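See structure below.
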Amino acid sequence: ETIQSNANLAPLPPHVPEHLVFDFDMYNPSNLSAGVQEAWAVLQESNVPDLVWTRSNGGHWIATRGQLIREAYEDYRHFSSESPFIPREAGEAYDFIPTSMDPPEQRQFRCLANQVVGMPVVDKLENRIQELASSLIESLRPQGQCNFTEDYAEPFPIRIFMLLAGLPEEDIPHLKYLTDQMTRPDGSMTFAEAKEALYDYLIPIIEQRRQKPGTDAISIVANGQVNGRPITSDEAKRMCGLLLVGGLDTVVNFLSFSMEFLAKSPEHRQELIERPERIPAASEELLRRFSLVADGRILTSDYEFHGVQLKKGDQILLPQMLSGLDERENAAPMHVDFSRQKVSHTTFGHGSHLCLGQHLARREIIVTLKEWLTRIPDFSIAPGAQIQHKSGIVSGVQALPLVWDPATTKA
Ligand code: HEM
Ligand SMILES: CC(=O)Nc1ccc2ccc3cccc4ccc1c2c34
Ligand SMILES: CC1(C)[C@@H]2CC[C@@]1(C)C(=O)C2
Ligand SMILES: [K+]
Ligand SMILES: [K+]
């Protein structure tokens with residue numbers, strides 16, 4: 001409550017009015033045990049203003065409502081991506097391309113990143129995605145149990161990504177640890193250190209692949225043209241770093257929230273079993289209700305936004321997760337309804353940095369749901385297990401022990 005009682009609170013800057021203070025900690029929200037999305041949505045209760053200042057993590061603004069999150073993501077002139085992670089040290093070290101660049105300079109790099117993860121790449125890979133989902137799920141099916149995070153939610157998206165990037169599967173533990181320190185730091189490695197370690201891994205590979213290219217995403221990037229010239233090794237490195245983080249730490253977390261929900265809700269399962277054709281619309285509703293990303297921007301100048309004086313250099317967290325949980329975007333937002341006429345969300349971001357991997361993500365989710373519900377239509381949480389979530393730039397599920405009767409499973 002005061003800096004005296006919590007040594008991790010920063011002194012309130014003199015431009016912030018006291019009535020705007022709400023000390024939310026994005027890496028450990030006080031309500032976390034109710035679930036991560038629930039923990040974030042306390043920011044939308046009636047006692048909280050649209051725009052609040054937290055003294056946690058160095059002190060920063062949080063926009064709490066979809067309209068303000070959308071406005072701020074649109075207005076890159078005041079809200080710059082140059083420092084898009086909280087705390088300030090992490091935002092300062094973050095130098096990934098195109099995400100750390102404001103329009104119009106992100107353009108050519110966005111162009112090149114799209115060539116390696118966009119829709120034509122997803123369609124070319126769809127057979128491989130179905131192959132891997134089917135193979136993993138058939139291998140779990142007769143067992144009647146799994147640890148979902150490690151038996152499926154990690155290896156399924158990550159192996160697809162390492163296949164796309166032409167990286168060996170035995171490097172997964174090393175890379176996954178690093179990507180995870182960036183989004184959900186345990187406190188033993190700064191963002192800068194995790195990035196430096198990711199860059200040390202990538203640098204020799206990128207050199208090799210500029211000398212002897214393959215057909216993999218890393219060789220395509222490292223040998224691209226941007227801005228009228230060959231991309232440099234360093235630029236390709238700053239792009240590939242971002243690619244790894246999207247490949248290893250996005251869909252991986254989302255699949256656990258979704259499968260946890262399905263394990264906890266037989267009625268929703270039954271609706272997808274009985275009407276498989278509803279799977280794509282159901283995926284979008286899950287992408288809304290179990291949205292999981294929160295990054296932000298930094299103020300380029302003093303700026304009064306919705307009646308609130310923002311100062312240059314002030315950081316603002318713009319939680320992508322919150323737009324679709326906002327009751328002003330969706331009625332009864334904590335309820336999952338696969339037939340919503342309009343699933344309003346900003347789960348994949350908004351504006352000029354809108355997600356390039358979203359098509360890969362949707363295919364992976366859709367394929368996972370269709371293949372899981374076909375082979376293992378009936379499952380549940382391990383009895384007595386209480387599911388814990390974790391919170392950060394990308395939120396996650398600590399463990400998801402599932403069980404089923406093998407007799408109920410199908411080929
Ligand atoms: C459920 C899975 C995913 C979610 C929730 C998600 C979310 C997002 C969000 C919120 C942004 C914008 C961040 C900002 O404005 O600073 C974004 C951008 C991006 N994402 Fe996704 N993402 C997902 C999957 C992926 C995958 C699988 C990849 C690639 C393998 C990927 C690559 C990108 C890239 C390259 C950008 C930067 C686009 C730009 O700066 O122009 N993402 N992601
Ligand atoms: C190279 C370039 O045009 N930059 C572009 C940036 C981002 C894109 C995101 C999704 C896309 C789907 C289909 C065609 C696209 C063409 C161009 C795209 C682009 C495309
Ligand atoms: C916020 C993101 C999900 C987006 C893709 C990876 C991520 C952690 C970034 O750094 C940009
Ligand atoms: K930076
Ligand atoms: K409404």
Side-chain angles (χ1 to χ4, degrees), residues 41 44 58 60 65-67 70 76 79-125 182 190-196 198-199 217 220-221 224-228 231 234-235 237-239 241-243 245-246 285 288-289 295-300 312-317 322-335 337 339-346 348-363 393:
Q44 291 169 157
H60 61 91
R65 294 286 179 186
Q67 186 188 152
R70 290 165 189 278
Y76 57 82
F79 300 104
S80 169
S81 281
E82 209 208 89
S83 188
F85 278 23
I86 295 298
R88 183 180 299 280
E89 320 78 82
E92 187 188 41
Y94 186 105
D95 70 347
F96 294 158
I97 292 179
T99 301
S100 69
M101 300 174 93
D102 290 313
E105 50 232 47
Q106 38 57 70
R107 186 178 299 125
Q108 292 255 306
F109 294 108
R110 180 165 172 84
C111 287
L112 178 62
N114 180 56
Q115 281 201 340
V116 297
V117 309
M119 184 71 329
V121 180
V122 183
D123 294 341
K124 185 173 224 222
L125 283 181
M182 295 183 272
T190 61
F191 181 91
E193 311 180 291
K195 182 197 82 163
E196 250 61 75
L198 203 61
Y199 292 166
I220 288 160
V221 169
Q225 281 233 135
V226 291
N227 293 163
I231 189 164
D234 200 59
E235 282 150 14
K237 181 203 72 170
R238 297 161 59 192
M239 272 208 21
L242 178 67
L243 299 180
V245 176
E285 172 60 349
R288 175 197 77 70
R289 175 57 180 78
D295 73 354
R297 307 280 184 259
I298 190 166
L299 272 294
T300 58
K312 171 159 115 102
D314 275 355
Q315 297 155 294
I316 187 163
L317 185 72
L322 282 179
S323 305
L325 301 185
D326 186 349
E327 64 212 316
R328 304 174 192 183
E329 295 215 3
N330 299 282
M334 304 308 284
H335 292 68
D337 158 19
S339 292
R340 285 176 191 276
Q341 180 192 183
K342 160 96 278 167
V343 187
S344 185
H345 71 69
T346 59
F348 291 113
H350 190 67
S352 65
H353 295 285
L354 181 77
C355 185
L356 296 172
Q358 60 176 289
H359 317 301
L360 178 66
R362 286 185 178 98
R363 199 76 42 92
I393 307 286

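Because only heavy atoms are used, hydrogens play no part in the values below, and waters and symmetry mates are left out as well, while side chains stay in. Each residue takes its place number in the sequence, starting with 1. Both counts, for ligands and for their atoms, begin at 1 and track the order of listing.
- Protein heavy atoms are absent from the space less than 4.0 angstrom from atom 13 (C) of ligand 2.
- For the K ion (ligand 4), the tally of protein N/O/S atoms lying closer than 3.4 Å stands at 4.
- Using a 4.5 Å heavy-atom threshold, the side chains of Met119 and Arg363 count as touching.
- Heavy atoms of other residues, nucleotides or ligands lying less than 6.0 angstrom from CD of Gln44 number more than 12.
- When distances from atom 19 (C) of ligand 2 to the protein are checked, a heavy atom turns up under 4.0 Å.
- The side-chain contact (heavy atoms from CB on, under 4.5 Å) search around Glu196 returns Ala192, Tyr199, not counting sequence neighbours.
- Looking at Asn114, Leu354, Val117, it is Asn114 that brings a heavy atom closest to atom 11 (C) of ligand 2.
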Criterion side chain to side chain donor-acceptor pair (under 3.5 Å) on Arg297 and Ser80, from CA distance to verdict: CA-CA 5 Å; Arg297 307 280 184 259; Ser80 169; over 6 Å; no
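- Atom-to-atom distance recorded for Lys195:NZ and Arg238:CZ is 8.5 Å, nearest 0.5 angstrom.
- Considering only non-hydrogen protein atoms, atom 7 (C) of ligand 2 sits nearest to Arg110 NE, 4.0 Å.
- Proximity to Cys111 (heavy-atom distance under 4.0 Å) selects the following atoms of ligand 2: 1 (C), 2 (C), 4 (N).
- Between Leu198 and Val245 there is a side-chain heavy-atom pair separated by less than 4.5 Å.
- Between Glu105 and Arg110, no side-chain nitrogen of the basic residue sits less than 4.0 Å from a carboxylate oxygen of the acidic one, so the salt-bridge criterion is not met.
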